[PDB]
Every structure is written in structure tokens, then in C-alpha cells.
Amino acid sequence: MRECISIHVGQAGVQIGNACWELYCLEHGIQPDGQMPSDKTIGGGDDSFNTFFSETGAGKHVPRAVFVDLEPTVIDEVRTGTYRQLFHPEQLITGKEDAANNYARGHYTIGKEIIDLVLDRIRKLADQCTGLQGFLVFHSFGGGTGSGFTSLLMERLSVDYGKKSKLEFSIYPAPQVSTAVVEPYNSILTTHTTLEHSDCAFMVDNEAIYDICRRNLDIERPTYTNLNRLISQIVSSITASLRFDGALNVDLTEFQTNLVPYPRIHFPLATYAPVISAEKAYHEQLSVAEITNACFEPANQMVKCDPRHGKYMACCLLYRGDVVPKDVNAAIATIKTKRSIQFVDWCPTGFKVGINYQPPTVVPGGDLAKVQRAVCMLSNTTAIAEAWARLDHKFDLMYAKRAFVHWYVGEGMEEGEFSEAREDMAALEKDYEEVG
Amino acid sequence: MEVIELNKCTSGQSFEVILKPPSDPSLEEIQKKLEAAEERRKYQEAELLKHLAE
Amino acid sequence: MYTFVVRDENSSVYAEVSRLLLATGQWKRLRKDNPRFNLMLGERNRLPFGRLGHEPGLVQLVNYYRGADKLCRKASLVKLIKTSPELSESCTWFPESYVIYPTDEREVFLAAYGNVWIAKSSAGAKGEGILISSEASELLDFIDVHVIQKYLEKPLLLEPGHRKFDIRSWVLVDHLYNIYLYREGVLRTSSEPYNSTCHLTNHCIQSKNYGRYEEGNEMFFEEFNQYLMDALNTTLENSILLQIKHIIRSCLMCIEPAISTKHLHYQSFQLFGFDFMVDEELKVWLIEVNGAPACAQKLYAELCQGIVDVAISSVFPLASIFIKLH
Amino acid sequence: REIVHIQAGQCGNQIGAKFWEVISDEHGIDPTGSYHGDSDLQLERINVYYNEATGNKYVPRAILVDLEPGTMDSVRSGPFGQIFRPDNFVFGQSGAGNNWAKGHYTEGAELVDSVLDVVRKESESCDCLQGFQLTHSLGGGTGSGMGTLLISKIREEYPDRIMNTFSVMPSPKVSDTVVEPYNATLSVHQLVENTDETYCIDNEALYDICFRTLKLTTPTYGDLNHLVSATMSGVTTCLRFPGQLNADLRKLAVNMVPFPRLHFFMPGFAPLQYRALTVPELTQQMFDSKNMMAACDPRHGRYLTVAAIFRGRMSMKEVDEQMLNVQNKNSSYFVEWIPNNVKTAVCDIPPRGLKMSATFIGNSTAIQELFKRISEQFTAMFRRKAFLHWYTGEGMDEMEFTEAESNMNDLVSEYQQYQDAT
Ligand SMILES: Nc1nc2c(ncn2[C@@H]2O[C@H](COP(=O)(O)OP(=O)(O)OP(=O)(O)O)[C@@H](O)[C@H]2O)c(=O)[nH]1
Ligand SMILES: Nc1ncnc2c1ncn2[C@@H]1O[C@H](COP(=O)(O)OP(=O)(O)CP(=O)(O)O)[C@@H](O)[C@H]1O
Ligand SMILES: Nc1cc(C(F)(F)F)c(-c2cc(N3CCOCC3)nc(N3CCOCC3)c2)cn1
Ligand SMILES: Nc1nc2c(ncn2[C@@H]2O[C@H](COP(=O)(O)OP(=O)(O)O)[C@@H](O)[C@H]2O)c(=O)[nH]1
Ligand SMILES: [Ca+2]
Ligand SMILES: [Ca+2]
Ligand SMILES: [Ca+2]
Ligand SMILES: [Mg+2]
Ligand SMILES: [Mg+2]
Ligand SMILES: [Mg+2]
């Protein structure tokens with residue numbers, strides 16, 4: 001067994017981490033006090049769930065997680081919330097004042113003063129590991145901390161844990177879901193500094209999550225809790241293979257092996273189905289054919305783009321619930337004759353399939369209905385470059401007038417870092433255009 | 001259409017289907033960047049205090 | 001209030017559309033790069049489809065289908081017809097065609113090789129770039145991506161004049177992927193007797209005798225139907241339009257899964273110009289599909305108004321000249 | 001994360017007093033500093049503006065400054081006058097004679113250290129000081145001259161903290177002396193350099209609203225100040241109440257100020273009766289020029305950034321539909337090169353006596369009109385060196401007037417520069 005440390009950075013990283021660990025405990029039969037009656041080995045073990053949870057002699061199951069934020073009000077909710085008893089205090093790290101939506105302030109000014117404490121707390125987690133695989137890193141693109149501190153942390157993790165895999169779950173900014181004016185700057189600055197240190201990164205567009213919450217859950221004005229419980233179902237689908245007995249995506253390395261033929265193009269598109277309203281007075285359960293077809297609906301993608309106008313480099317289907325391989329193949333055959341699925345010609349036209357028999361777990365009193373089967377598709381398609389072009393265009397609009405740049409220079413950043421990061425994104429856009 | 005690498009266990013199973021075949025910066029360096037930005041912040045503050053002293 | 005932007009200053013059709021939109025008092029034109037629009041009249045090339053449908057609270061409609069170029073480029077249209085099972089290599093209404101570069105199909109073309117062919121490209125404009133020849137060597141020496149297409153040696157000739165023509169049909173596909181065929185088409189005729197300028201019917205290429213038989217070498221349906229009755233004892237609908245409707249519907253149904261916007265975050269409509277040849281057996285052949293067509297001067301008013309009614313006000317309601325093909 | 005509030009001179013202390021009456025009522029604090037509210041939302045962020053003294057008393061983190069006793073004896077006798085910390089009243093006896101030089105260079109300079117003593121005492125019992133807010137006028141002597149001297153000395157002692165002002169711009173329609181354009185031109189130069197956000201309150205705009213809209217035949221300063229404390233309560237709502245927002249002063253400045261010198265905001269309020277106001281009426285009115293508190297027409301400029309704060313219980317779907325409708329009807333008046341530069345914020349706690357309200361904060365290039373009109377009034381007198389002896393008698397030279405005029409004209413030019421940017 002090989003351990004995984006999760007790192008949540010900034011408000012969005014922390015609140016999503018809350019939602020994920022709430023869900024994990026429900027999936028594994030772990031109560032909020034950390035106890036786990038099914039675990040008949042007290043004080044330790046090397047089961048699959050031990051990749052995410054350590055154990056104390058009192059039988060408490062403790063997330064291998066650190067929460068980091070530059071101000072204390074979000075993590076203070078963790079310290080006093082339902083799951084307060086779950087986390088060691090050393091794992092919840094807060095500063096005095098935040099990065100004010102300024103990458104430069106999170107990276108240079110405040111980052112410099114807190115990074116060694118964060119690394120010291122992570123090292124304590126790593127010293128509990130018999131064989132650490134690497135890190136899962138959760139943050140917003142748009143926040144000062146999420147962008148600026150995460151990129152500093154990623155650089156230092158590469159130094160201190162050179163061999164170890166790093167995966168990101170990144171929240172891509174959408175004005176539907178309260179954004180700062182400067183989030184295009186922060187997104188581009190953090191992508192450029194983080195690109196070479198991330199092996200595989202899952203972007204979640206707040207616009208897509210927002211729309212699914214409106215259209216499928218009939219929530220007129222989604223809250224962060226609504227957004228985060230939906231996001232945590234997708235994260236759980238992606239990480240289920242590390243926490244349960246399985247044979248696909250068993251370690252962090254396998255995500256790169258299966259999804260990323262070229263290091264820079266390491267942003268797989270996630271599509272999830274079905275999302276069903278819990279207050280649905282009457283519902284009808286969808287079949288394997290139907291949820292697999294739904295994975296090629298842009299309305300169900302985590303990033304709004306059009307895969308029919310890109311090319312695929314890799315594709316994984318992750319099913320939870322009542323699914324057998326025979327159904328998956330019949331559904332794939334039907335879809336391939338009806339959908340625009342074009343692979344790049346230097347790659348096999350195939351699907352790696354994983355099935356976990358336990359149907360998705362849902363938070364009691366939540367917005368999501370229990371379904372007999374669900375699937376998350378991870379596909380590396382050039383179509384996701386649409387989101388980069390959108391973001392790069394907004395950056396270009398503001399940067400041509402140098403709007404807001406003085407805030408970043410004022411924190412010790414040089415204007416040259418702006419254009420350097422922007423030319424890296426242009427190269428990245430050209431890379432997608434070459435392969436697609 | 002071919003099914004390969006079928007693995008089964010009590011929790012589920014995994015397999016691959018194929019439709020068609022095909023046709024870092026050091027610690028010192030980061031520290032220097034951080035110190036360079038700090039120095040520029042220190043320069044700008046000193047210019048401010050010098051302006052205010054005048 | 002509805003808002004739109006103009007990004008193709010050379011479109012005669014949407015110049016008249018935007019003029020109509022403004023003259024309704026309920027549409028306002030924004031600068032080219034204001035993203036807060038309802039309607040984009042996009043540019044012919046490099047239209048940034050990826051930036052549409054992300055402005056919160058705005059219904060966004062554009063006047064091009066992303067992916068429709070596959071039908072509207074010559075080389076790619078040949079590939080589409082050949083490799084689409086619904087159109088098939090057996091397709092009876094499209095001349096034998098091969099894609100030739102200066103994958104390539106030079107060998108299979110030679111195998112097939114009345115042996116007159118025509119070579120063209122979509123880079124060919126204003127008449128030049130085209131070569132009709134009976135020896136394959138002269139055609140390939142002229143090319144050195146082009147298409148080599150069987151030249152229809154037996155075209156239907158209008159009398160008097162013994163003269164070749166082509167038929168342009170205008171087709172509007174709305175956001176619901178309804179297919180609307182403008183009831184008025186145009187014939188673009190040669191002013192020169194056909195001799196096996198009198199082989200290329202393009203309006204610019206047309207030569208003395210230009211305008212002799214009809215204003216600007218353009219014959220409309222009322223007269224052409226009336227000629228078909230007098231000379232051939234048949235009708236335009238029976239002998240030609242049934243085939244035209246079938247071809248239009250086949251082409252557009254074929255790519256519908258690849259380009260439809262019915263479940264997308266933005267919506268598309270598009271005006272297409274289809275070009276047909278008629279042979280002497282009254283068989284209709286597709287020659288080209290044009291993704292950015294102009295219109296006949298007399299028909300500019302009616303058709304531009306119909307675009308606003310069917311494609312624009314259907315999505316943006318205010319306060320039939322088309323045949324629906326289904 | 002604490003804010004230290006400072007109020008200076010007659011206008012600054014009278015508007016300041018009303019501000020603390022209003023927000024004390026919103027937070028459930030009685031005139032004796034006892035909390036008698038009904039909701040925990042009232043206390044959750046009470047520490048932003050109030051210190052807790054034993055007996056669960058809440059004392060405003062407010063410093064009251066004047067160069068003469070009168071207005072601060074009025075505050076002390078006022079409704080909530082007992083709430084303020086007695087040590088936090090810092091006053092001289094001489095006055096400043098509506099003279100910026102006396103506030104800035106002579107009478108004010110004798111008093112400023114002891115004010116900075118109270119500021120230091122407040123700042124040093126802060127867990128993590130956000131920054132400072134100052135209320136003053138720009139047309140008199142103490143708030144104008146001594147107030148900007150305070151800002152300069154605060155910036156030197158706390159160079160990394162945010163500084164905000166609610167600044168009242170003079171107008172001949174509502175004028176005490178003819179030297180107001182001199183006093184205001186000298187102050188605007190200070191504000192350009194040493195504040196992060198300045199909320200521009202034009203007494204001309206305030207008067208016209210009381211006369212034309214509120215139908216007040218004879219507005220008093222009290223009527224003007226009622227509009228101002230209401231707007232002050234609105235713009236600080238996102239600091240004082242638990243929202244999904246999570247914004248400190250620095251975050252507000254980062255999102256609202258794209259170029260360091262262009263940090264002068266037009267505020268606005270709606271409504272300006274027991275009748276239920278619908279969301280469309282609220283949104284239409286808060287963007288109406290007639291609801292603006294800087295006498296500038298937004299249709300004469302372009303918006304760089306806008307914040308719109310709605311208070312009360314209402315449909316947010318409706319809020320968004322009307323916001324997006326207002327933008328389409330004003331498409332021409334937002335700059336295209338700052339994407340998504342209109343922020344909508346909601347707070348479920350309505351102000352006293354209103355079911356719903358809306359506060360507008362606009363960084364518009366139309367604000368140049370305010371500075372242009374002050375520059376014109378300045379130059380009409382300065383061309384003849386009229387009334388200058390009051391200032392040269394305090395040791396100022398004419399060159400310092402020429403520089404301040406020059407600096408303001410530069411500010412006007414920069415606004416026109418970005419108004420024409422495409
Ligand atoms: N889905 C989701 N998005 C969030 C959440 N919280 C913030 N965001 C988004 O994250 C971006 C803002 O970044 P934050 O994570 O809040 O900022 P931060 O990392 O704490 O940085 P600072 O507060 O500037 O120090 C915006 O685009 C928000 O829409 C959340 O809980 N869920
Ligand atoms: N296979 C064929 N047989 C006979 N004539 C043909 C032909 N292909 C093309 N032509 C003639 O050549 C003319 C121009 O051909 P084509 O349509 O390829 O050029 P083009 O794209 O410039 C006209 P458009 O304005 O419709 O785009 C046609 O009007 C037709 O008369
Ligand atoms: N007085 C105020 C009040 C607000 C607000 F928060 F909106 F109420 C704002 C404000 C404006 C804006 N804008 C202004 C226009 O451009 C969009 C962002 N953003 C924010 N955010 C962004 C990130 O989350 C924290 C608060 C706050 C500024 N000044
Ligand atoms: N809105 C408002 N303006 C005031 C008030 N008192 C004075 N003013 C204005 O402020 C200017 C006079 O400055 P003032 O504050 O009285 O002088 P100071 O005590 O030396 O700062 C003039 O422009 C007056 O119109 C007030 O209570 N409310
Ligand atoms: Ca165990
Ligand atoms: Ca590495
Ligand atoms: Ca004295
Ligand atoms: Mg934060
Ligand atoms: Mg053509
Ligand atoms: Mg006075």
C-alpha cells in the first residue's frame with residue numbers, strides 16, 4: 001500500500017476539501033469522530049482506504065490532508081464544523097491576512113513567509129508514510145492564495161519530493177460564481193509557473209458546475225455547498241481507484257501513463273452522469289447505454305467546450321454501481337457509430353474502463369439523488385484548449401492597457417513575468433493546435 | 001473491437017477495449033526569486049519613505 | 001433590447017440583414033469586439049466559436065455552423081461524400097472526383113482514366129485556377145490541394161444559344177436544424193454556344209453577348225419552368241427540384257450530428273449556396289456548396305428579410321418564402 | 001480584521017456621528033454601547049468597527065479630531081455621543097478658519113502627534129488591522145488640511161495598510177466660504193497620492209437630491225448627512241456582515257482600482273413611504289444619474305469598475321435579470337477592456353425602515369467633471385491671486401498652488417485618456 005497526501009489551498013481548495021472528505025467518510029463508513037467499525041484492524045493496516053487515512057491507537061481514522069489558507073475564516077469553519085474531530089490541529093494551517101486576489105501577494109509577499117511552515121507540516125505527514133505516491137492539490141485558479149501560494153508550493157514540492165507525482169484539481173474562474181476582476185491574470189500566472197511541476201491536472205469550470213446545478217438539480221441560485229457537493233462527487237469518482245480495491249488507476253503515476261501522452265498537455269476533460277435532483281418526485285433509472293451516451297454531451301462536461309471539434313489522445317470510463325463489461329461494450333459500439341469521436345492517428349482508438357460495484361454515495365439531506373449507476377469519463381481532448389483561449393483573451397484585453405498591473409508590481413513582481421507567462425500560454429495553445 | 005486486460009475482484013473489474021490501432025529549478029534559485037521580489041518591495045518602500053521625509 | 005455585432009464587412013447578405021435589424025428599432029449594433037451581444041455576424045475565417053456562450057445571462061446566436069467547412073471546401077466535400085456511409089462511394093448525384101496534392105488519390109484516379117475531366121481548388125477564385133482537359137498529364141502538370149472531377153460532357157443546353165448553365169439554390173439552416181430552401185433560385189447562364197467561357201458559367205467570366213438573352217446572364221425560376229414546359233413538356237419541380245431537395249437534405253442530414261447546436265451553450269444558423277448542373281437526361285448533379293454565398297440583386301430584399309424572420313426573430317422575438325425540407 | 005475610523009473637522013465629525021448612529025442601530029448597539037439585538041449575524045463581524053470592553057460593551061474604533069471644541073461637544077451631546085471612547089476625542093481650541101494651510105501646516109501640525117498617539121493605541125490592540133477610513137470635507141480647514149496631513153503621517157507610520165476616505169467636495173450651491181476651491185484643490189493632490197479609495201460626495205449632488213427628489217424645500221446639513229450615512233452604511237455592508245463574499249479593504253481596492261491614481265468613486269443609493277419597491281425599480285434607480293452623489297453624468301464617461309450592493313430579501317434571479325438588462329441598456333458606458341467589471345453583491349439584512357435598498361459604487365471616468373469644475377473655480381480666483389494672502393500668511397508660496405492646480409489638471413487628463421480607450 002502506497003499513501004496519498006491531499007493539499008487544499010485557499011478558500012475554494014479548503015471548501016472543496018471539506019466536501020470531499022465528508023464524502024470519503026461516507027463512502028468508507030468513517031464517522032465524524034474518526035471511528036470506523038468495519039475496520040477490524042485497530043491502530044493500523046495496509047488496506048486500500050489507508051492510502052488516504054492513517055490510524056491512531058484509539059482507532060481514529062485521520063485524513064492524510066493539510067488545509068492551508070492565508071486568512072483563517074474558512075479553515076475556522078473546519079475547526080468548529082461537523083468534522084472538527086477528524087483532523088489534527090497541525091493539519092489546519094492559517095495565516096493572518098489573505099492575498100487580496102493578488103497572485104503576486106500570495107506567491108512572493110505572503111508565500112515567502114509561510115511556505116516553510118507548510119512544508120514542515122507536510123513533512124510530518126510524509127514521515128508517517130511507508131511509501132508515499134505523491135500529492136493531490138486542490139485550489140482555485142482565481143484566488144490570490146489558490147493561484148499564488150499553490151504555484152510556490154508546487155515548485156518547492158518538486159524540490160523536496162522530486163520523484164513524487166503531483167495531481168491538481170483546479171477551479172477555473174466563471175463570473176456566474178463570484179469572481180475577481182483579475183482572475184484571468186492569476187490563472188495565467190499560476191498555470192505558467194505550475195505547468196512543469198504538475199503531472200496531471202483536472203480543471204473544473206465553475207460555469208459548468210453552475211449550469212448543471214441549475215439545469216439538473218433545479219437550484220435557481222446555487223451556493224458553494226451546492227457546487228462543492230457536486231464537485232466532490234466528480235473528485236470521488238476520479239480518486240475512487242486509489243481508495244478501493246481495483247486494477248485501473250491504482251497509483252498516481254497511472255493517471256499520467258493513461259491520460260497524458262505529452263507532459264504539457266496534461267489537462268483531461270471530465271464528464272459526469274447522471275446528476276439527478278433529490279427532490280425529484282418521480283424518477284426513472286438510466287441505463288449503461290444512456291449514461292455512457294451522456295458522457296459525450298457538452299452539457300455534462302466539467303469544462304464547457306466542444307469535443308466534436310478536437311481530437312482525443314486518451315479516454316478512461318470510470319463506472320460506479322450496477323455495471324458489467326458486456327453493457328459497456330454494447331454501449332460503446334452504439335455510440336461510436338453515432339458520435340464524432342476522432343482520435344489522433346498516433347494513438348490507439350480505445351477506452352480504458354474501470355467499474356466499481358458500489359453505487360455513488362450521496363450526502364444525506366443533499367441535492368443529489370441516489371442512482372443505481374453512474375460514470376465519469378476522463379478524456380484528453382484538444383477541445384479543452386477552448387477554455388485556454390477564452391482565458392487568454394480576457395488576459396489580453398486587460399493587459400493591453402496594463403489595467404491592475406500596478407497591484408502586482410507593487411508586491412515585488414516584474415511586469416516581465418506577465419508577458420513571459422502569457423507567451424507560455426500561447427505556446428501551450430499552439431501545442432494543442434499542432435496535435436489537434 | 002477487442003477486450004484486453006480484464007481484471008476482476010470483489011469490488012469490481014477493469015479492462016481495455018480497442019476499436020482501431022494507430023496509424024526543474026533548484027531551492028537556491030527559488031529562494032533568489034523570492035528575495036529579489038522582497039528587495040524590490042523594500043526599494044519601493046524606501047522611495048515612499050524618502051518622498052514622505054521630503 | 002437585442003444587441004448584435006458585425007465582423008464581416010464584405011458580406012452583402014448580412015449587410016442587408018444588419019440594416020433590417022437596425023430598422024426594427026429593437027436591435028442595436030455594438031462595436032466588433034463587444035462580447036455582450038445576442039447575435040454575431042461572424043467573420044468568414046477563424047471565427048472564435050470557443051468564446052461564444054460564456055457570457056452569463058446572454059442568449060448568443062451566430063450565423064455560421066462550426067464544422068460546416070467540411071461541406072464547403074472542395075477537397076473536403078469529396079472526402080465527406082466518399083467516406084460517409086450515408087452518402088457512399090456509390091453516390092449517384094455527385095461527379096466522380098479525386099483529391100490530388102501537388103491522403104492522395106493520384107493512382108486510383110489513373111486507374112479509372114469520353115475521358116474529359118476538370119481540375120479545381122477552393123483557392124481558385126475569379127475563374128482562373130481551373131483547367132478542363134482530356135489528357136491527365138496536362139491536368140497534373142497544371143496542378144503542380146486540388147480536386148480532379150469528371151467533367152459533365154453532356155449538359156442540358158438552353159435554346160436558343162446552345163448554352164451551358166448552372167443552378168444556384170439558397171438554403172437556410174436555423175438553430176433547430178430545420179432546413180429551409182428559398183423558393184427562388186437562379187440560373188447563371190453562359191452567353192456563348194457550348195463547343196465540345198462557354199464552359200465556365202461564373203458571373204464574372206461572362207465574353208461578348210453578355211446579357212443578350214437575360215439580364216446579366218441570370219434566369220429565374222418562373223421563366224426556366226416556363227421554358228421546360230414549352231421545350232420539354234415538363235416542370236421545374238418534377239424534373240429538377242425533387243432532385244435538388246433530395247441532394248440538399250442528404251448533405252445537410254449527413255453532417256448534422258457533427259455540427260448541430262441543439263444541446264450547445266451557443267446556437268448557430270447558416271445560409272448556404274448550393275450549385276447544381278443538369279445533364280441532357282434531366283439528371284441533377286451537385287458541383288459545389290458555398291458557405292458564404294452572395295445573392296441575386298432582385299432576391300436580396302426577400303431573402304434577407306426571410307433570414308431575420310426564420311433564423312433571428314425565432315430566437316429573439318420582436319414585440320412563407322421557404323420550403324421546409326423534411 | 002479591524003478598521004480604525006477617523007473623523008476630522010466639522011463636516012467629518014457630523015457625517016461621522018451619523019454613520020455610527022446608523023451602523024450601531026444595524027448591529028443592535030444601544031446609545032450606551034450595550035448590545036440588545038436579536039440575530040447573531042449582528043455580532044459575527046462586530047469587531048471590524050467595534051472594540052469589546054468588559055461588561056460586553058462595544059466601543060467604536062473611532063477617533064474624533066477637530067481644531068476647535070464646538071462640533072465635538074455637539075457629538076458628545078448627540079444621540080449616541082456617550083458611545084465613543086472619551087480618550088478618543090482629540091481637539092484644539094484655535095480653529096482652522098476654513099484655511100487648508102492652518103489645518104495642514106500651522107494649527108494642525110501642533111495637534112497631529114497626539115492624534116497619532118490615539119491611532120497608535122487603537123492600531124496596537126488590533127488582531128490584524130485592515131486599514132483606516134477617514135471622513136472629512138475638502139472645503140474647510142481641519143478636515144481638509146489637517147485631514148490630509150493625518151493621512152500622510154499615517155501612511156508613513158503604516159505604509160502597508162489600506163487608506164480610504166469619504167470626502168465631501170464643495171460646491172458654490174452649498175458653500176460656507178469662497179476659498180473652498182483652494183482648499184479642495186490642495187487636498188485632492190494629497191488624496192491622489194495617499195489614499196487607496198476615495199468616495200467622492202459632492203454637496204451639489206446631495207443638495208439637488210434633497211430639493212428635487214426628496215421634495216425638501218430648504219435642505220439642511222442634517223438632511224444632506226442623512227443621505228451620506230445611508231450611503232456609508234451601504235458601501236461597508238460587505239465588511240460588516242457575514243456574506244458569501246469574504247472581502248477585506250485590500251481586496252475591495254484591488255478589484256475597483258485598475259490604475260493607482262484613478263481611485264475616486266461616484267457613490268449612489270436607492271430608494272430615495274411604505275410602498276414596496278420592486279427589483280426593477282431598485283436597479284433602474286441606482287444606475288440613474290439622479291441617484292448619484294457626485295454631480296457627474298455617467299453618460300459623459302465610461303465605467304471602469306462597478307459594485308452594486310443590494311440589501312434585503314429579494315429574488316436574486318430577478319436581481320441578475322435587471323443587472324444584465326441595465327448593462328445592455330448602457331453597453332456603451334462600460335469599458336470593453338476590463339471583462340466582467342460589474343460586481344453584484346447581496347446582504348440579507350435591510351437597513352432601518354427599509355425592506356430593500358441598493359448602494360451603487362462606480363469608478364467612472366465621468367468623475368473628471370467634478371475635478372474640472374473645481375479646477376475652474378480655483379483658476380477664476382487664482383488668476384488674480386484673490387484670497388491668497390490668507391494662505392501666504394501661513395507661510396505657503398504661490399508655487400504650491402501652481403503645483404496642486406497642475407496635478408489636478410493632470411488627473412483630469414488621465415480620466416479623458418481612459419474614457420477614449422477602445
Ligand atoms: N467551486 C467553488 N469555487 C470557489 C469556492 N470558493 C471560491 N471559489 C472560486 O474561487 C475563486 C476565488 O478564489 P478563492 O479560492 O476564494 O481565493 P483564495 O485562494 O482564498 O485567495 P485570497 O482570498 O485572494 O487570498 C473565484 O473564481 C470563486 O468563484 C468554492 O467553495 N467552490
Ligand atoms: N464537373 C463539372 N462539369 C461541368 N462543368 C463544371 C463542373 N464543375 C464546374 N463546372 C463549371 O465551372 C463553373 C465554376 O465551378 P466551381 O463551382 O467549382 O467554381 P466556383 O466555386 O468559383 C463558383 P461559386 O461562386 O458557386 O463558388 C461552374 O459554374 C460550372 O459551369
Ligand atoms: N464597497 C465595495 C463593495 C464590493 C462588493 F463586495 F461587491 F460589495 C466591492 C467589490 C467589487 C468587485 N468587483 C468590481 C468590478 O469588477 C468585478 C469585481 N469585486 C469584489 N469582490 C471580488 C472577489 O471577491 C471579493 C469581493 C468586491 C468593492 N467595493
Ligand atoms: N455634507 C455636509 N457638508 C458640510 C457639513 N459641514 C460643512 N460642510 C461642508 O464642508 C465645507 C466646510 O468645511 P468644514 O468641515 O465645516 O470645515 P473644517 O471644520 O475646517 O474641516 C463646506 O464645503 C461645507 O459645505 C455637513 O455637516 N455635511
Ligand atoms: Ca486498520
Ligand atoms: Ca516533477
Ligand atoms: Ca498655538
Ligand atoms: Mg481567501
Ligand atoms: Mg467556391
Ligand atoms: Mg464649518
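The chains referred to below are lettered A, B, ... by the order of the sequence lines, with proteins before strands, and numbering in each begins at 1. Whatever order the structure lists them in is the order used to number ligands and atoms, beginning at 1. What's counted below: heavy atoms across the whole structure, side chains too, no hydrogens, waters or symmetry copies.
Numbered from 1 in the order shown, with element, the atoms of ligand 4 that lie under 4.0 Å from a heavy atom of D:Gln14 read 6 (N), 26 (C), 27 (O). For ligand 4, the atoms sitting less than 4.0 Å from at least one non-hydrogen atom of D:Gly141 are 17 (O), 18 (P), 20 (O), 21 (O), numbered in the order shown with element in parentheses. Each of the following atoms of ligand 4 lies closer than 4.0 Å to a heavy atom of D:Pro170: 23 (O). Ligand-side atoms of ligand 4 in range of D:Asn225: 1 (N), 2 (C), 26 (C), 27 (O), 28 (N), range being under 4.0 angstrom from any heavy atom. Heavy-atom proximity to D:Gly143, at under 4.0 Å, picks out these atoms of ligand 4: 21 (O).
Looking only at atom types and distance, the side chain of C:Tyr98 has a donor-acceptor partner in the side chain of C:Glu96 under 3.5 Å away. D:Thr195 and D:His263 share a side-chain donor-acceptor pair at under 3.5 Å. Side-chain atoms of D:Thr135 and D:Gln7 form no donor-acceptor pair, as typed in the model, at a separation below 3.5 Å.
For atom 19 (O) of ligand 4, the nearest non-hydrogen atom of the protein is D:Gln10 N, 2.8 Å. The protein heavy-atom contact nearest to atom 12 (C) of ligand 4 is D:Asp176 OD2, 3.4 Å. Nearest non-hydrogen protein atom to atom 14 (P) of ligand 4 is D:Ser137 OG, 3.5 Å.
Within C:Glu288, the N, O or S atom lying nearest to the Mg ion (ligand 9) carries the name OE2. When the N, O or S atoms of D:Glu110 are ranked by distance to the Ca ion (ligand 7), OE1 comes first.
Here NE2 of D:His5 is found 6.5 Å from CG of D:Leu64. Values are rounded to the nearest 0.5 Å.
By the neighbour-count criterion of 12 heavy atoms within 6.0 Å, atom NZ of D:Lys290 is sparsely surrounded, having that number or fewer from other residues, nucleotides or ligands. Heavy atoms from other residues, nucleotides or ligands lying under 6.0 Å from OH of D:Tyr105 number more than 12.
The Mg ion (ligand 9) lies at 2.8 Å or more from every N, O or S atom belonging to C:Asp275. Among the atoms of D:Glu107, no N, O or S atom falls under 3.0 Å of the Ca ion (ligand 7).
Considering backbone and side-chain atoms together, D:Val174 places an N or O closer than 3.5 Å to an N or O of ligand 4. Polar contact with ligand 4: absent for D:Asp66 (N/O pair, distance under 3.5 Å).
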Assess whether ring-ring contact (aromatic ring centres under 6.0 Å, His included) is satisfied between C:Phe276 and C:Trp93, documenting all intermediate values. CA-CA 10 Å; C:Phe276 304 95; C:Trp93 42 257; 8.7 Å; no
Please assess D:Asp66 against D:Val90 for the test side-chain contact (heavy atoms from CB on, under 4.5 Å), listing each intermediate value before the final yes or no. CA-CA 7 Å; D:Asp66 209 333; D:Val90 185; over 6 Å; no
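Judged by the 6.0 Å distance and 45° axis criteria, D:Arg76 is not positioned over the aromatic ring of D:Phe84.
Only side-chain heavy atoms of D:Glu180 come within less than 4.0 Å of ligand 4; its backbone N, CA, C and O stay farther off. At a heavy-atom distance under 4.0 Å, only side-chain atoms of D:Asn203, from C-beta outward, approach ligand 4.
Taking the side chain as every heavy atom from C-beta outward, D:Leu224 and D:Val174 approach each other to under 4.5 Å.
Of the listed residues (D:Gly222, D:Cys11, D:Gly9, D:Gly140), the one carrying the non-hydrogen atom nearest atom 6 (N) of ligand 4 is D:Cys11.
Salt-bridge formation is not detected for the pair C:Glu218/C:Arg188: no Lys NZ or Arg NE/NH1/NH2 atom is positioned less than 4.0 Å from an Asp or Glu carboxylate oxygen.
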